[PDB]
Structure formats: structure tokens, C-alpha cells
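Structural overview
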Amino acid sequence: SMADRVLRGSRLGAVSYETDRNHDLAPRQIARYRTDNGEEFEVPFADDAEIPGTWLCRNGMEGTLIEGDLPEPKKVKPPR
């Protein structure tokens, strides 16, 4: 079976690969991207990088950049 659009996850988790807290944390940008089935995923970018208009999602489809929050809260661009 298949569907044209689908929404699935993530109340029961979960993250991919052998990730652990021993990796530590560093200055980053968490973006979101939406696939062609409407499936939305999150992509962490490092301070050495920026967010391109689109990026490949873990579903195996090219996702397009969307915001995970509202148009006009208290939000600004600087510093990163």
C-alpha cells in the first residue's frame, strides 16, 4: 500500500544512529524541512555552515525549508 501524502511520528520517538551525550554540544542551527509526502524532519547545522533553501530528509526525499514556529513572535536574525 501507498499514499500521496502522509503524517507519521514522533510522540513515541525516535532519533537515528549511535548518538549519545558523550558527543557533547556545540554552537548550531536546527532547521526543519518538509518532503514531497508532507513528511517533516529536522536537520542540525553547525556554526561553520548555514541553511540552504532545501535539504535531503531521513525519509530519503528532498525536503524544503519550513519554520517550526509562528511568523511574528519576538524573533530576530542576529547573531546567527
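Residue indices run from 1 on each chain, following the sequence as it is written; they may not match the entry's numbering, and residues absent from the coordinates are omitted. Values reported for side chains reflect all heavy atoms of the structure, with hydrogen atoms and water molecules removed beforehand.

Deposited coordinates in this entry are attributed by the record to solution NMR.

Right, let's talk about the pattern of salt bridges for a bit. For salt bridges, the criterion is a side-chain nitrogen of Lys or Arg within 4 Å of an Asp or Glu carboxyl oxygen. One pass over the full model with this rule turns up seven salt bridges. The shortest N-O distance in the salt bridge between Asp4 and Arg5 comes to 2.8 Å. Note on accessibility: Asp4 and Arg5 belong to one class, exposed. A salt bridge links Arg34 to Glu40, with the shortest nitrogen-to-oxygen separation between them at 2.7 Å. Exposed residues in this analysis have more than 50% of their type's maximum accessible area, buried residues have under 20%, and partly exposed residues fall in between, with area computed by a 1.4 Å probe over protein chains only. You can call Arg34 partly exposed: its relative accessible area is 39%. Look at the salt bridges and you will find they share partners, linking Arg32, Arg34 and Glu40 into a network.

With that settled, the discussion passes to the environment of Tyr33. Put simply, DSSP H or I for four residues or longer makes a helix, DSSP E for two residues or longer makes a strand, and each gets a number counted from the N terminus. Mapped onto the secondary structure, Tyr33 falls in strand β1 (residues 28-34). Along the sequence, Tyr33 and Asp4 sit 29 residues apart, while their C-alpha atoms lie 18 Å from each other.

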